[PDB]
Amino acid sequence: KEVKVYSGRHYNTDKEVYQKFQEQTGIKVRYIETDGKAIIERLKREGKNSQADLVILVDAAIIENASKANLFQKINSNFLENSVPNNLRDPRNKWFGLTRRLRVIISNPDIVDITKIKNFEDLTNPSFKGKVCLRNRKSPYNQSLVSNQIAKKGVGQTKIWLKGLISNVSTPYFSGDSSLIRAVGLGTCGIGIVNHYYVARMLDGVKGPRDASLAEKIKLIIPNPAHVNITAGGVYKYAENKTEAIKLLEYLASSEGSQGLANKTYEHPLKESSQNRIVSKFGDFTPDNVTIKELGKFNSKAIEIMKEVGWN
Ligand SMILES: [Fe+3]
């Protein structure tokens with residue numbers, strides 16, 4: 001018995017989590033870890049000839065892309081249906097959340113007055129002119145943040161917010177979250193928007209001493225209420241080892257599996273906040289209840305309006 005996993009979680013192998021499943025069940029896990037978009041393109045090409053059984057992907061936008069491409073099959077699982085929060089799974093049962101991440105505000109309190117920053121709406125304040133820095137619009141994390149705004153506020157209000165935000169940027173767009181953290185730490189940027197776990201990695205020395213020192217200078221602000229995004233798994237449309245893939249998915253979504261995955265990347269597990277001391281110091285959060293499916297729905301519109309206001 002075996003199961004083949006094609007995973008878009010490629011920060012640093014989930015190998016230990018898969019080995020625990022293997023030891024417990026006797027099911028051999030064959031994994032590949034690489035960029036999610038490369039997986040999607042490979043599966044579209046292979047179709048029925050693919051050897052994927054389980055597909056894991058990062059970000060609402062990428063999950064949506066896989067869904068549109070008909071990559072998943074509907075599954076029935078009383079465990080998943082009763083254990084994964086409704087907002088973090090497909091209402092039609094094709095994919096299921098495994099970990100949670102927050103896209104948050106980071107600030108350098110020597111450059112900006114952090115007492116004025118509580119939520120994303122605050123970033124349009126004219127006192128931050130020239131002090132806001134962003135990663136580029138190609139990032140699914142940013143697209144999903146804008147989709148989040150559209151879901152709640154509608155297109156009109158989101159566009160007003162976007163115009164205000166981009167008015168405050170005077171620095172070229174960044175190509176990654178870690179480089180943006182460095183710039184905020186250094187003080188070339190006063191304010192950035194990044195995923196929470198990148199800050200925790202740097203603080204924990206994972207990227208070496210200079211990055212740790214830079215990350216120590218930053219104040220992380222969790223917007224209240226918070227925007228939540230996920231990594232998710234689903235069974236491939238033509239999976240040969242369907243039964244085994246469901247068993248593995250059930251394990252990954254369980255308390256043990258979700259904690260195992262999340263502790264590797266400094267993410268939050270599905271149903272509890274991280275026990276990691278570095279992550280817990282960032283503070284409590286309350287989700288805004290926008291569903292992951294909704295984030296996917298508005299992805300195309302988010303890209304259109306980001307382009308229109310000049311988020312490049
Ligand atoms: Fe990431």
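Numbers and lists here come from the model and the stated rules, or from a named source; no laboratory read-out is quoted. Backbone-built Cβ (ideal geometry, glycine too); neighbour counts: all protein chains shown.
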List the number of the failed condition for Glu46; all other conditions in (1) within 16 Å of the ligand (Cβ to nearest atom); (2) over 22 Å from the mean Cα position of the chain (by Cα); (3) of a type in the set (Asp, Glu) hold.
(1)
Just wondering, is there one or more residues in region 69-81 that are closer than 24 Å to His227 by Cβ and either of a type in the set (D, E, K, R) or assigned by CATH to the domain that holds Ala151 (or both)?
no
Mind counting the residues in region 144-186 that are within 16 Å of the ligand (Cβ to nearest atom), assigned to a helix (DSSP H, G or I) and either hydroxyl-bearing (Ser, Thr, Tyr) or more than 18 Å from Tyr197 (Cβ to Cβ) (or both)?
3
Consider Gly187 against the criteria (1) out of contact with any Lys or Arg (no Cβ under 9 Å at 6 or more places or on another chain); (2) farther than 29 Å from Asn263 by Cα: it satisfies all of them except one. Which criterion is unmet?
(1)
Collect the residues in region 268-312 that are closer than 20 Å to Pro225 by Cβ and among the aromatic types (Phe, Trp, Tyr), keeping them in residue-number order.
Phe282, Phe285, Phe298
Contact list, first residue from region 241-256 and free of Cβ contacts under 8 Å to residues at least 60 places away in the same chain, second anywhere and charged (D, E, K, R), beta-carbon distance below 7 Å, six or more apart or interchain, is none
